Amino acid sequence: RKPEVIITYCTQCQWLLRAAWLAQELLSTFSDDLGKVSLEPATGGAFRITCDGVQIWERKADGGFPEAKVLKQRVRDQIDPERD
């Protein structure tokens, strides 16, 4: 096992760019802790991210798109809450 983050994004909305960006922000700072970050096309304004099935971000629910710093923290807390 190892954590697997998945970013689901609306293709037509043209959110691949940012999906790919956030995927690299993660794989950069957590290159040794993550098993894999997946990019998953979707439709109708979908933009959701989860870690091992746990939602750590969702467009309408969190007000838009995450700051790299925030998503990092939420992935951090998800893996080891007490790891700086």
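Position 1 is the first residue in the sequence shown; the rest follow in order.
Query raised in the report: Of 70-78 and 7-15, which one has the bigger average CA B-factor?
Result: Of 70-78 and 7-15, the stretch with the higher C-alpha B-factor average is 70-78.
Requested in this report: Name the higher of the two by mean Cα B-factor in the PDB entry, 61-69 versus 21-29.
Outcome: Taking the mean B-factor of the alpha carbons in each, 61-69 is higher.
**Report entry** Third of the chain's Cα B-factor distribution that residue 37 belongs to, per the entry
**Finding:** According to the entry, residue 37 has a C-alpha B-factor in the chain's middle third.
Query raised in the report: Against its chain's modelled residues, does residue 49's Cα B factor rank lowest, middle or highest third?
Result: Middle third - that is where residue 49 ends up once the chain's C-alpha B-factors are sorted.
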